[PDB]
Amino acid sequence: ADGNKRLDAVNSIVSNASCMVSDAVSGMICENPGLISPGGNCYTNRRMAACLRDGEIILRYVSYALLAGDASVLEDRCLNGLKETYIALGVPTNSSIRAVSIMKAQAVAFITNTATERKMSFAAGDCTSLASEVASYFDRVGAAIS
Amino acid sequence: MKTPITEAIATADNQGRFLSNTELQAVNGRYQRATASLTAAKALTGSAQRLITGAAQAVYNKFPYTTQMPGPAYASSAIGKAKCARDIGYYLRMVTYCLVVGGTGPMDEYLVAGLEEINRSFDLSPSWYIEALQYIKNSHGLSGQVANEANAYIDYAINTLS
Amino acid sequence: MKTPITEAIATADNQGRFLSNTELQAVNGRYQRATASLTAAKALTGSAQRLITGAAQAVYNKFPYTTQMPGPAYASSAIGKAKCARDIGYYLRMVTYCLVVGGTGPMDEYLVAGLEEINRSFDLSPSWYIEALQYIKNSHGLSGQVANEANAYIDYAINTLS
Amino acid sequence: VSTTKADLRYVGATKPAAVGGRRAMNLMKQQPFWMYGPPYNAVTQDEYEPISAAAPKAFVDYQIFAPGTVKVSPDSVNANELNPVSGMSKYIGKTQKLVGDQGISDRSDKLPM
Amino acid sequence: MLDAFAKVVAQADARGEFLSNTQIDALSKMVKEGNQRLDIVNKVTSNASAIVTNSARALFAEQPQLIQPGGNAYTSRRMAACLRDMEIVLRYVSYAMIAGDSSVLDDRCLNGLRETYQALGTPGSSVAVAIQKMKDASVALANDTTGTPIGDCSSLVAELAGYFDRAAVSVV
Amino acid sequence: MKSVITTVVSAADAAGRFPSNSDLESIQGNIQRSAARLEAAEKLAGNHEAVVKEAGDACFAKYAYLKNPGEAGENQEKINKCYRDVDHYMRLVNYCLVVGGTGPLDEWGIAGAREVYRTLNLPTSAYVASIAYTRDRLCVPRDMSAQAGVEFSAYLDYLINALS
Amino acid sequence: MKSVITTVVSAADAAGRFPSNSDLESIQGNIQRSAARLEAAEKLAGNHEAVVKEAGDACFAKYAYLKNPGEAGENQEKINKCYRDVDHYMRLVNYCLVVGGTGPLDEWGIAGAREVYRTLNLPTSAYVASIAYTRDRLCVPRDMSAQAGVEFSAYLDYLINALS
Amino acid sequence: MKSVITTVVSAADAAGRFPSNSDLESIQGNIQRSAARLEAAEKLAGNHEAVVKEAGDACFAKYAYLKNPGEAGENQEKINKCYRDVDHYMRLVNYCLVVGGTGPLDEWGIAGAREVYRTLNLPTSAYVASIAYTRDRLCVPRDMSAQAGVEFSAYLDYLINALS
Ligand SMILES: *CC[C@H]1/C(=C/c2[nH]c(/C=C3N=C(/C=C4\NC(=O)C(CC)=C4C)C(C)=C\3CCC(=O)O)c(CCC(=O)O)c2C)NC(=O)[C@@H]1C
Ligand SMILES: *[C@@H](C)[C@H]1/C(=C/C2=NC(=C\c3[nH]c(C[C@H]4NC(=O)C(C=C)=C4C)c(C)c3CCC(=O)O)/C(CCC(=O)O)=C2C)NC(=O)[C@@H]1C
Ligand SMILES: *[C@@H](C)[C@H]1/C(=C/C2=NC(=C\c3[nH]c(C[C@H]4NC(=O)C(C=C)=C4C)c(C)c3CCC(=O)O)/C(CCC(=O)O)=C2C)NC(=O)[C@@H]1C
Ligand SMILES: *[C@@H](C)[C@H]1/C(=C/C2=NC(=C\c3[nH]c(C[C@H]4NC(=O)C(C=C)=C4C)c(C)c3CCC(=O)O)/C(CCC(=O)O)=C2C)NC(=O)[C@@H]1C
Ligand SMILES: *[C@H](C)[C@H]1/C(=C/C2=NC(=C\c3[nH]c(C[C@H]4NC(=O)C(C=C)=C4C)c(C)c3CCC(=O)O)/C(CCC(=O)O)=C2C)NC(=O)[C@@H]1C
Ligand SMILES: *[C@H](C)[C@H]1/C(=C/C2=NC(=C\c3[nH]c(C[C@H]4NC(=O)C(C=C)=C4C)c(C)c3CCC(=O)O)/C(CCC(=O)O)=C2C)NC(=O)[C@@H]1C
Ligand SMILES: *[C@H](C)[C@H]1/C(=C/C2=NC(=C\c3[nH]c(C[C@H]4NC(=O)C(C=C)=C4C)c(C)c3CCC(=O)O)/C(CCC(=O)O)=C2C)NC(=O)[C@@H]1C
Ligand SMILES: *[C@H](C)[C@H]1/C(=C/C2=NC(=C\c3[nH]c(C[C@H]4NC(=O)C(C=C)=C4C)c(C)c3CCC(=O)O)/C(CCC(=O)O)=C2C)NC(=O)[C@@H]1C
Ligand SMILES: *[C@H](C)[C@H]1/C(=C/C2=NC(=C\c3[nH]c(C[C@H]4NC(=O)C(C=C)=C4C)c(C)c3CCC(=O)O)/C(CCC(=O)O)=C2C)NC(=O)[C@@H]1C
Ligand SMILES: *[C@H](C)[C@H]1/C(=C/c2[nH]c(/C=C3N=C(/C=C4\NC(=O)C(CC)=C4C)C(C)=C\3CCC(=O)O)c(CCC(=O)O)c2C)NC(=O)[C@@H]1C
Ligand SMILES: *[C@H](C)[C@H]1/C(=C/c2[nH]c(/C=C3N=C(/C=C4\NC(=O)C(CC)=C4C)C(C)=C\3CCC(=O)O)c(CCC(=O)O)c2C)NC(=O)[C@@H]1C
Ligand SMILES: C=CC1=C(C)[C@@H](Cc2[nH]c(/C=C3N=C(/C=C4\NC(=O)[C@H](C)[C@H]4CC)C(C)=C\3CCC(=O)O)c(CCC(=O)O)c2C)NC1=O
Ligand SMILES: C=CC1=C(C)[C@@H](Cc2[nH]c(/C=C3N=C(/C=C4\NC(=O)[C@H](C)[C@H]4CC)C(C)=C\3CCC(=O)O)c(CCC(=O)O)c2C)NC1=O
């Protein structure tokens, strides 16, 4: 087979993982800047620290599902209970899809190597099947919440 | 075997006396309760493979490392998945045996005695089976006193695993 | 307490006799072995904070569900992460007691008597503790008979959990 | 002479902890304020949750945003309201866990996961 | 031991009397509850492991000195004996609930328990907190429906609460 | 105002009657229940600036569209008139626990409000997003009594009912 | 406990007699006085964390020398035990308004206190300055009623005269 | 609806009689026989999406001419109304096993059915090819019990006989 393309694409995501999550959850604040006004729910220090923790778990799931090559890692208890966990806590659950849709845009940038401020060295060839394979996983997560 | 009839013969043979209405009233309580206990045994038997397949899938969603981790103790192969569904069928079958005889007798002899020596040896977590028994408790579809008879022996199996 | 010194006295007291050379040779074997046992106890005490916090991370890397799953049994909170490292330090402290004393007597009394009932009650898995004890066996850096003395009490704790 | 709010909380602590989840610690109660400090060291119910162990490597940069869209409010602007002559302060230090609330929480809102 | 039916018989044999017509009508009400009593004993026994363990979990959250070195529940033999006692008290409280009389409860569990904990040094004010935490886990489990027909059981949950208070004052 | 006294004195006057024994028996009920409502009329009148000012933040954290241009939260004078309104309603709820009925909430807070809020384009779903914040956040042994926390939270969702 | 009931029972037990007509006349005083002293015991039991912490730093506002080395307010544990020991004393005053006498203050707070505060070197004029601050903080119509404040202050300076 | 309790009341009212011991003795048969037709009514209440599917194409497998132009099942809008009709008959058989007699199937699904299928050119041989397939796709120890596969099969060919 070709497990080298599989390993190149996972490594390009687990390398830029913390830059991805902090770009995603701050592009989410940038669009509605009332999440960090008083009363908003990324305002306090612990609510900020948990919104950052959520995107790291979500990206870990999509990174580990890409390494195995199946969505059997996606369902977990993560796929079920996220939509009910955010409604019960009281979390803007459509604005939580903006952060996953942003993270989806970055991962297909690093895989297709069209990232507009980072360039990595690969072989030559194609990766636009793996880019679609991770667009589906970022769609399975953002459809489990709505 | 702990049934309500053998535990009444044993309390009269211990002092060497004939059966009285202390013991006849105990066997009478088995007969009045066996109406609801034998409809739950028909229902769990007919719904067996719906409940064994569904409960194995609920352990793999609560503990998804069990399908990922390599090793003989995990359901991450074809052989290890075949032994996991075999284990849910053993637990469901002892529940239907307990509903027939009216006590917690068959799963004492066939399931409980020697259980923790096996889970220690073969590295099986006893919380894998509590989630499986909680699926069967919530999805057998029984109601009334038919459910209370089935749940009372399912909840007995959870108490020995914890 | 089961030491080589107090197994000899208890042997002579159960027979009602003085300490013959059968018991003076058993005490002499402890004194010949106490050189390697007491330098292993010094070297594991000086490496305590390195070995405890390193072996808690070895469990979180092999069983990474133990940091995500909610509930009181897991190292998912501030108090569960504090109680996991407290238990590696209990295991490391009893190994140093056994090396000083010379037998598996402190951890038989303080640690393994009643440990199976505690793990089943509080839902702690004994395969977690085996992985942390395999890290301490592969990271103390001892050599020769000093490593032979330390390893013989680390996998005595492994055989009681497995 | 029990109440409905008290019996709906304690009935989640009868499930096993492999089933009940965060509801296994629902039998603990609110203690006095001095009980949470240095000789006694009683644990709150928030510390059994995964929100007490949140420490991500990612961070918000706060210079991405436009000027005017970052808000900061204090708790008081008074020096002996923030820290008295004694060390008993709600705001500064290790003595902010000495309070008559916040020993218990709401983990019956969501689920038994 | 003797249950609630045998309790009034023993009070009547010592007077040498037949039972009254009023006394038979008061024992018909004890049979008329009958099934509601067996629902409380079913709910308490079926969740017996989780009531003991989760109320030991909540005791060590509020009194964390019991599991520090030098505390009374610090070792494996001393912790396993603590959970064993909390299961012993819940056993004989369910025995006293099916019988309607607290006679097996004190003649086989409670008499000599205060003398035992005073010779060992076990803190008796912490045992009664563990008893009072199994109480409200069980009187909240008593008055929830969960597959029982709807009705008023508030007279039988005051009797179950009174057996937990009896076990708590015989050790404090 | 609709109180306990004003109902039974109006109705006897509507019939041309004197006060009779059924009138005095209802004002007797204004002696048992009066101790609890005068305990939530006092916890609200001593801590109103702290309940108003972080219930109005729930009105804006849930409806972030209101801070767009053209809405009712565009400049800062409009936002200040919003917090004044939540303080206006809590002063009426405090008036209700002293009168005993829903007299002042009906005449001064409801009777006209559906016209005014529709002309000036203020959504009522943002008004009930903040009154429901106060109701779902009462802590019944800590904030007040048990029966004072029933009658406080009964006048709240009377106002939630009348506006939505 | 020293109470009204336990005084008249012990007096008629040492004499070996039944409850007389003068022993029932004393429990009638326990009825007509219970209205005032249960209002003070309920006002205190609801707002006790704010009354204790307001008086705990009235000790250190008068005696700032307690943070010096070797003193009783050095570290965090010693001020946790200090705010505890004040909260112990305010719980016993709540117990004395409920019972009706100086019973719980005598057996649990005062007996043995001189030998402990001298052995452990806790300045007994600072276990007083917190009690004396609460007695003058009380506004007689604002927090409680007139006779509820008479009962509240009379148990507050019993403790002052027992530490002095 | 025609059942046991309707027919023994309509007959005992044609004569003007009180309910007699032959009217009660019929309804005792409603008690012994309901325990077999209710676990064949819930057995179809769960699995009914798979039986309208497995039998709705059994006709179209048999009568493959139905999808030619001009015919009944020529296009998917008409095929969806066709699968809906086998759902309609399976719902009434679930209704019939609850009541005990064929009142639902008669009054709703049978009465007038010949007037319409002749008008709208529906071949009733296709309607009975579905219902006969469900009858013999039935494993009487596996699908349900033995005497439940009597009650399920009894109403299944009563519908066949009323369409044939
Ligand atoms: C969480 C419980 C508290 C606690 C308990 C504790 N108990 C013991 C030891 C014993 N308890 C008994 C009492 C009984 N034994 C019985 O079989 C019966 C049934 C009739 C009763 C009522 C006895 C005999 C012992 C001693 C024997 C033993 O079990 O080891 C201990 C151990 C004390 C020790 O020194 O080993 C504990 C810790 N202690 C606490 O801290 C909790 C508050
Ligand atoms: C960290 C900087 C990574 C990185 C991540 C990438 N982000 C990419 C696109 C992107 N950028 C934003 C910017 C956002 N952050 C803000 O603070 C604000 C304003 C307040 C905004 C708008 C967003 C929302 C997105 C998602 C797509 C979009 O909506 O524009 C991206 C793709 C860019 C490319 O094609 O190269 C990447 C790779 N970029 C890096 O290189 C480091 C490693
Ligand atoms: C208790 C069982 C709850 C709980 C209570 C907390 N509330 C906290 C702060 C806070 N509380 C209120 C409402 C309160 N003030 C009032 O005047 C009235 C009655 C009219 C009530 C009910 C407000 C408005 C605020 C904001 C700040 C303030 O004024 O105090 C609080 C402190 C931390 C926090 O805000 O969470 C607690 C602990 N919280 C709980 O978790 C349980 C469920
Ligand atoms: C703050 C007002 C003081 C101060 C006080 C300290 N008091 C300390 C200990 C202490 N207090 C008591 C009496 C208290 N315990 C009770 O059980 C009851 C009644 C139910 C009462 C009133 C006792 C018996 C003790 C000693 C036992 C203990 O450690 O709690 C104390 C601790 C002494 C120490 O740390 O050695 C302090 C610091 N400290 C101050 O600066 C001002 C004088
Ligand atoms: C951030 C982009 C969001 C946001 C997130 C918040 N989440 C909060 C708590 C929380 N989050 C989760 C889900 C997380 N845990 C998991 O196990 C998994 C997947 C396996 C995920 C995604 C849970 C279960 C919880 C509750 C547990 C806990 O509280 O520790 C949270 C705190 C809310 C609060 O307690 O007040 C926040 C702020 N919030 C946002 O605004 C954006 C949209
Ligand atoms: C897709 C994101 C990239 C891309 C991928 C390709 N990689 C190819 C070969 C290749 N890649 C690696 C690195 C990878 N394999 C590993 O074993 C490990 C880690 C242990 C990693 C990160 C290796 C080692 C190789 C083999 C050649 C070499 O030695 O570098 C490749 C050619 C096909 C093949 O032979 O596998 C492709 C297409 N290339 C791209 O154009 C996009 C951007
Ligand atoms: C009270 C704490 C409960 C509650 C109890 C009720 N149970 C009622 C009837 C009932 N209970 C059982 C089960 C019981 N009988 C047994 O023989 C055995 C096991 C051997 C058990 C566990 C049965 C079989 C029955 C049927 C008898 C009957 O229906 O009379 C009941 C009567 C209903 C009524 O009269 O309203 C009550 C009140 N119900 C509750 O809501 C609380 C939670
Ligand atoms: C904030 C949570 C609201 C919001 C409120 C606005 N209200 C505006 C005007 C306004 N409000 C009232 C009702 C108020 N007056 C009373 O006398 C009483 C009860 C005694 C109440 C509740 C009136 C009568 C008026 C009009 C006169 C005035 O300016 O006060 C207002 C300005 C309207 C405008 O000019 O656009 C705002 C913005 N806005 C929000 O976004 C949420 C829904
Ligand atoms: C009466 C002399 C004055 C007056 C004094 C003020 N007291 C103020 C606040 C306050 N007072 C107390 C003590 C009192 N309230 C209680 O609940 C209890 C015991 C249970 C007592 C002895 C407390 C605890 C507080 C703080 C809580 C509060 O009321 O806000 C006060 C406000 C300023 C301050 O913070 O001290 C004043 C002005 N008030 C009057 O109107 C008359 C003239
Ligand atoms: C499935 C829920 C989970 C799982 C199962 C699993 N089990 C085993 C091995 C054994 N299970 C038993 C249990 C019983 N045997 C009995 O006879 C009875 C009573 C009727 C019981 C309860 C035993 C004895 C074994 C070991 C011997 C054997 O394999 O037959 C395995 C294989 C482990 C191994 O081979 O070492 C597996 C995979 N494991 C999971 O991951 C599921 C979550
Ligand atoms: C850490 C590697 C893993 C883990 C640990 C964890 N353990 C507990 C709780 C207990 N551990 C013990 C063990 C001992 N106590 C002793 O005194 C001795 C001998 C000196 C031993 C070996 C006991 C008795 C408990 C229960 C007491 C208590 O409640 O603290 C917990 C808490 C479980 C709970 O229900 O409270 C945790 C989290 N768990 C993990 O996830 C790590 C993988
Ligand atoms: C409660 C019981 C109940 C029913 C069973 C149905 C019976 C029924 N079916 C149809 C209507 C129809 N029925 C079919 C049926 C079929 N097409 C085929 O190829 C096969 C012959 C057959 C099933 C496989 C078709 C194609 C139509 C639409 C025909 C038309 O509208 O011209 C109509 C006319 C009104 C309508 O279109 O809905 C009615 C009353 N309605 C009911 O209320
Ligand atoms: C109303 C009652 C009722 C039923 C009977 C079943 C009917 C039924 N059985 C099967 C499905 C099946 N049924 C059988 C049973 C048998 N095959 C044989 O050769 C023997 C005659 C018989 C065993 C005695 C088998 C072997 C399958 C699987 C084969 C298949 O799905 O095509 C299916 C397809 C979906 C499924 O598998 O569930 C359905 C709807 N469902 C119901 O709701």
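Atom set for the values below is all heavy atoms of this structure, side chains included, hydrogens, waters and symmetry mates excluded. Sequence lines set the chain letters: A, B, ... in the order given, protein chains first and strands last, and positions in each chain run from 1. Both ligands and their constituent atoms are indexed starting at 1 by order of listing.
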Atom 4 (C) of ligand 1: the protein heavy-atom neighbour that sits closest, reported with distance to 0.1 Å: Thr122(E) CG2, 3.8 Å
Tell me whether atom 35 (O) of ligand 8 lies less than 4.0 Å from at least one protein heavy-atom position. no
Please write down residue, atom name and distance for the protein heavy atom closest to atom 42 (C) of ligand 3. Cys139(F) SG, 4.2 Å
Quick note on ligand 3: atoms under 4.0 Å from a heavy atom of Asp143(F) include exactly 13 (C), 14 (C), 18 (C), 21 (C), 22 (C)
Ring-ring centroid check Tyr95(E) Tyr92(E), cutoff 6.0 Å: yes
Run down the list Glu87(E), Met86(E), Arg77(E) and name the one with the heavy atom closest to atom 27 (C) of ligand 1. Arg77(E)
Under a 4.0 Å heavy-atom limit, does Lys78(F) contact ligand 8 with its side chain, its backbone, both, or neither? both
Suppose I only count heavy atoms of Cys59(F) and a 4.0 Å limit; which atoms of ligand 8 are within that range? 2 (C)
Note: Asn72(E), heavy atoms under 4.0 Å from ligand 1, region reported as both
Contact between ligand 8 and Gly56(F) is defined here as a heavy atom of the residue under 4.0 Å from a ligand atom; is it met? no
Out of all atoms in ligand 3, which are within 4.0 Å of some heavy atom of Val51(F)? Include the element for each. 15 (N), 16 (C), 17 (O), 24 (C)
Protein heavy-atom partner closest to atom 22 (C) of ligand 1 - residue, atom, separation in Å: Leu113(E) CD1, 3.7 Å
Ligand 3 to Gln102(D), heavy atom cutoff 4.0 Å, flagged ligand atoms 33 (C), 38 (C)
Any N/O pair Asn47(F)/ligand 3 closer than 3.5 Å: yes
Which one of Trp108(F), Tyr65(F), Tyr83(F) has a non-hydrogen atom at the shortest distance from atom 19 (C) of ligand 8? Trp108(F)
Is it the case that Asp85(E) and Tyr117(E) place a side-chain donor and acceptor less than 3.5 Å from each other? yes
Chi angles and distances behind the side-chain contact (heavy atoms from CB on, under 4.5 Å) call for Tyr89(F), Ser130(F): CA-CA 11 Å; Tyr89(F) 278 157; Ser130(F) 76; over 6 Å; no
Could you tell me whether a side-chain N or O of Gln45(D) sits under 3.5 Å from a main-chain N or O of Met25(D), the two making a donor and an acceptor? yes
For ligand 8, is there an N or O atom under 3.5 Å from any N or O atom of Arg84(F)? yes
Ligand 3 atoms in contact with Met144(F) (distance to a heavy atom under 4.0 Å): 19 (C)
Polar contact flag, side-chain donor to acceptor under 3.5 angstrom, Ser2(D)-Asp7(D): yes
Is it true that a side-chain atom of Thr102(F) and a backbone atom of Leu105(F) form a donor plus acceptor pair closer than 3.5 Å? no
Can you check which of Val127(E), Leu110(E), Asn111(E), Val129(E) brings a heavy atom nearest to atom 43 (C) of ligand 1? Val127(E)
Does any N or O atom in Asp85(E) lie less than 3.5 angstrom from one in ligand 1, N or O only? yes
Which is closest to atom 5 (C) of ligand 8 by heavy-atom distance: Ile79(F), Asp85(F), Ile110(F), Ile131(F)? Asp85(F)
With heavy atoms of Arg108(E) as the reference, note each atom of ligand 1 found under 4.0 Å away. 20 (C)
Could you check whether any heavy atom of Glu71(F) sits closer than 4.0 Å to an atom of ligand 8, since that is the contact criterion I want to use? no
Looking at atom 35 (O) of ligand 3, what's its closest protein heavy atom, distance included? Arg137(F) NH1, 4.8 Å
Verify atom 7 (N) of ligand 3: protein non-hydrogen atom under 4.0 angstrom away: yes
Of all the atoms in ligand 8, which lie at a distance below 4.0 Å from a heavy atom belonging to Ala126(F)? 43 (C)
Run down the list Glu54(F), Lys53(F), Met90(F) and name the one with the heavy atom closest to atom 27 (C) of ligand 3. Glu54(F)
Within 4.0 Å of some non-hydrogen atom of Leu122(F), the atoms of ligand 8 are 6 (C), 7 (N), 8 (C), 37 (C)
Do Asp101(D) and ligand 3 have an N or O pair less than 3.5 Å apart? no
When you measure from atom 31 (C) of ligand 3 to every protein heavy atom, which one gives the shortest distance, and what is it? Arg142(F) NH2, 4.0 Å
Region of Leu83(E) that comes within reach of ligand 1 [heavy atoms, distance under 4.0 Å]: neither
Near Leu138(F) (heavy-atom distance under 4.0 Å), the atoms of ligand 3 are 22 (C)
Contact atoms of ligand 3, heavy-atom distance to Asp106(D) under 4.0 Å: 43 (C)
Is the closest heavy atom of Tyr117(F) to ligand 8 under 4.0 Å? yes
Can you tell me the protein heavy atom closest to atom 18 (C) of ligand 1 and the distance? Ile88(E) CD1, 3.6 Å
Ligand 1 to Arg84(E) polar contact by distance, N or O atoms, under 3.5 Å: yes
Give the numbers and elements of all ligand 3 atoms closer than 4.0 Å to a heavy atom of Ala50(F). 24 (C), 29 (O)
At less than 4.0 angstrom from any non-hydrogen atom of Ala72(F), what atoms of ligand 8 do you find? 38 (C), 39 (N), 40 (C), 41 (O)
Closest protein heavy atom (residue, atom, distance) for atom 2 (C) of ligand 1: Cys82(E) SG, 2.7 Å
